[PDB]
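Read the structure below first, then the notes.
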2 protein chains.
Amino acid sequence: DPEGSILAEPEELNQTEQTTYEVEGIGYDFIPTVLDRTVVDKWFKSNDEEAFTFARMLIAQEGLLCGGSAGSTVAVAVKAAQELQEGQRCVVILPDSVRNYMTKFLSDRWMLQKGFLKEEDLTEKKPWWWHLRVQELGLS
Amino acid sequence: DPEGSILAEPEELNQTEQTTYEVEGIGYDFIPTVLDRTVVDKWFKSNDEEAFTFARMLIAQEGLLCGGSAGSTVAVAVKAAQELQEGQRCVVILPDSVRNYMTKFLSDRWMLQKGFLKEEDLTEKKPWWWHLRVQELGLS
């Protein structure tokens, strides 16, 4: 359940100042009738930053063209499955595709504007010549 | 005695193929009537390249504004004087000043033009930034 929603229980997890989040399709300000919270063993809260980071990581490392909700699910799973051991199995549901987010997190400009990416993080992975200026080239 | 000239004795010293040299004021293709070679203990041959190098060294290090002929004398002095020990004294005659050679060896272009200097040899003493290009500067 993303931060800013009230679905997650116990209620102590929902104590946050903001109720606006960029992730789409999950989280609500009310408990839907169809939702049976009694069968959910445990709940985890997630934030937009980790969701989009994990979605990008999924796209780049596994080839799964998924959206933000999938990123949130995988981010929660990497924490929850720590209690598991070898020979056990985990399953995560990836709801939607990246077609609905082409100009959203899939775009670096949007993430930088929203603050989910930092110049330090973006440039740390870049090669040595990334910061050299154009004038250093041989050009005429 | 400069190379090409025949003032030096024994005659075996004067066995060289070129009869012309850049240095001025010393050396002739004949023995002057006033020259009494008998009072000279030893003779040395000299060339332009070493003479001008010492002349520049004299100016750059000893502060002596003397011509190439003075450089020739010192160029041989460092070789002949090696037989002397501490407490002994050596005297070198410096004929004339640098005034008569401004466009000559005093000019780096003239030395490079005559081949007495090499680009790699000359530039090896220059700072590390010597071979960088203008485009690398910050300019607007």
*May I ask for the angle, rounded to the nearest 10°, between helix B:68-80 and the longest principal axis of chain B, with both axes built from Cα atoms and the value confined to 0 to 90°?*
70 degrees
*asked:* Output the 0 to 90 degree angle, nearest 10, between the alpha-carbon long axis of helix B:48-57 and the longest principal axis computed from the alpha carbons of chain B.
replied: 60 degrees
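In segment B:1-97, which trypsin sites (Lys or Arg not before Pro) fall in coil by DSSP and have 14 or fewer other Cβ atoms within 10 Å?
Passing both the DSSP loop test and the Cβ count: B:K42, B:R89.
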*What are the extents of the Cα atoms of segment A:1-54 along their three principal axes, listed from largest to smallest and rounded to whole Å?*
30, 23, 19
*How large is the charge dipole for chain B, taken about the Cα centre, if only the Cβ atoms of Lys, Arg (+1) and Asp, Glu (-1) carry charge, to the nearest 20 debye?*
640 debye
*Residue order, fewest to most surrounding Cβ atoms within 10 angstrom, among A:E119, B:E50*: A:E119, B:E50
*In chain B, with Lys and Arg counted as +1 and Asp and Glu as -1 at Cβ, which of these residues, B:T38, B:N100, B:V134, has the Cα nearest the positive end of the dipole, that is, farthest along it?*
B:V134
*Normalised contact order of chain B, rounded percent, pairs of Cα under 8 Å and 6 or more residues apart*: 17 percent
*What residue among A:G87, A:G68, A:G25 shows peak mean-square fluctuation when chain A is described by a Gaussian network model with Cα springs under 10 Å?*
A:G87
*One-quarter of the Cα convex hull surface for chain A, in nm²?*
12.7 nm²
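Fewest first, what order do A:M57, A:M102 take by the number of other Cβ atoms within 10 Å? Numbers along the way, then the final one.
On the way: A:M57 14, A:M102 9.
Arranged by neighbour count, lowest to highest, A:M57, A:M102 become A:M102, A:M57.
Quick check on chain A: helices-only [θ] at 222 nm, where DSSP H runs of length 4 and up contribute -39,500 (n - 2.57) each and the sum goes over total residues. Nearest 500, please.
-8500 deg cm²/dmol
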*Near the axis that takes chain A to chain B, which A residue has its beta carbon closest, and at how many Å?*
A:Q135, 2
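How many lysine pairs are close in segment B:13-136, with Cα atoms under 17 Å apart and the two 8 or more places apart or on different chains?
Working: B:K42/B:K79; B:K45/B:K79; B:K104/B:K114; B:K104/B:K118; B:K118/B:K126.
Total qualifying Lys-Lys pairs in segment B:13-136 comes to 5.
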*Within 10 Å of each residue's Cβ, count the other Cβ atoms and sort A:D41, A:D48, B:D29 from fewest upward.*
A:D41, B:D29, A:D48
*Taking a label point 7 Å out from Cα toward Cβ, give me the nm distances from B:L65 to the same spot in the other copies, shortest first, one decimal.*
8.2
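No lab work stands behind these numbers, since they all come straight from the coordinates. Methodologically, a virtual Cβ is constructed for each residue, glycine included, from the backbone with ideal geometry; neighbour enumeration extends over all protein chains shown.
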